[PDB]
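The chain below stands alone and is given as structure tokens, in the form deposited in one PDB entry.
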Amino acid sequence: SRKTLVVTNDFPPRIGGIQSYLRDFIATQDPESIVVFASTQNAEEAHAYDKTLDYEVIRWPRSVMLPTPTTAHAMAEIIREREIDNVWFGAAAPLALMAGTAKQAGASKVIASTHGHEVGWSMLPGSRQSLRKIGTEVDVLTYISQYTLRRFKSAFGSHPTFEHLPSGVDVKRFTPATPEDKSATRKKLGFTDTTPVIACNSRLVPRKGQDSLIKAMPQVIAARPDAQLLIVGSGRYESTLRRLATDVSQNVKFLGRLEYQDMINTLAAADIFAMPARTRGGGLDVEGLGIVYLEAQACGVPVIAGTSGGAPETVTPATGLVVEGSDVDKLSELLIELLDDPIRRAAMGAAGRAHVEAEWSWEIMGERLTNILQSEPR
């Protein structure tokens, strides 16, 4: 059994996307075969958190872990002391620039994980050269979607083998609602069993397409007068969204940022989950994957996804629909059509749940990581 050291600046108790990614991936592995080397933002909160774990965390007593000689030295010592076989950089740029030292220290395999940022790194000349240096020193480069791969593949070069490793979804916590729970949730919101409910859970920023949803509502409301768009989340774009929703205000609910379990109950009680993501920022503001799509399918709820980035990759023709956010006529048509067909909706949600259980759970994704970390080097 090969032993892995994960080297990261992004680790709990701090809250974030990479933090969740690593935490949930590490928990899929045998805890005796895992050591973490992480920076420390608050010493007493880090110690309190590390004591809840069944695997070792070694804290680097700096607020940010940077690719420096002292950090590489410390990483090297751990590699030899703990007899490390795999070195895993939880985020490729810039920390995986220490991959050379990992090989010098005696590690037989170096893995680096990309997420969203390396797409932006693909554009600048010097930034692109750092991606090349990482690529020459890393044996396995993981990516969240076929879209992100296409964007940065040539920057990294052909030395590493490229492996698909997106986040999974907890299929025991994101689970279809009982008729009891769903009915009670709706009453909590001031709705009934018959209220048409569209849910959008996401940060309130232009690219998520809550603006597109709001502009599609007049037609939906005309067709289904009691239809409700639930906007779950917070963000800078809220005030613009509230202004867009002025004339449809009776049918749009800004629920703000909900507690974790309330967010799951609200989602599971919805008829449709919609988030018509578009690409903005000159091609830089993109949906890398879209975990919310996987969470909706896990709750057995039909999905409307956008054309942005890796968003289409989350759904099948059986489980969800892919739409252009700016196409308001089509988005409205799709929502009304889906709201008027409860048989199709029941079929799409069932297929969505089966889809995540077959391809997107932490059990499935954990098996993929096991394969990467436990296979002999080529």
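For clarity, a rigid core is taken as the largest C-alpha set superposing within 1.5 Å between two forms. Just count from 1 along the sequence shown to find any residue number. Only residues modelled in both forms are compared.
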Comparing 293 to 301 with 195 to 203, which stretch shows the greater average C-alpha B-factor in the deposited entry? 195 to 203
Taking the deposited Cα B-factors and averaging over 67 to 75 and over 266 to 274, the higher mean is found in 67 to 75
Can you tell me which of 114, 130, 185, 307 has the maximum CA B-factor listed in the PDB entry? 130
Which of 279, 219, 228, 239 ranks first by CA B-factor in the deposited coordinates: 239
Can you tell me whether residue 260 has a C-alpha B-factor in the lowest, middle or highest third compared with the other modelled residues of the same chain? highest
The third of the chain into which the C-alpha temperature factor of residue 85 falls is the highest
Split the chain's modelled residues into thirds by Cα B-factor; is residue 314 in the lowest, middle or highest one? lowest
Within-chain third of residue 37 by Cα B-factor, per the entry: lowest
Ranked by Cα temperature factor within the chain, is residue 215 in the lowest third, the middle third or the highest third? lowest
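This next part talks about the form deposited in another entry, which is not shown.
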Core fitted between the shown form and the other one: which of 179, 190, 282, 125 shows a C-alpha shift of 2 angstroms or more? 125
Thinking of the 3 angstroms or more shift, are the C-alphas of residue 65 and residue 125 brought closer or pushed farther apart in the other form than in this view? closer
At a change of 3 Å or more, would you call the C-alpha separation of residue 6 and residue 121 in the other form closer or farther than in the form supplied? farther
In terms of 2 Å or greater CA shifts after rigid core superposition, the runs of three or more consecutive residues between the shown form and the other one are 119 to 126
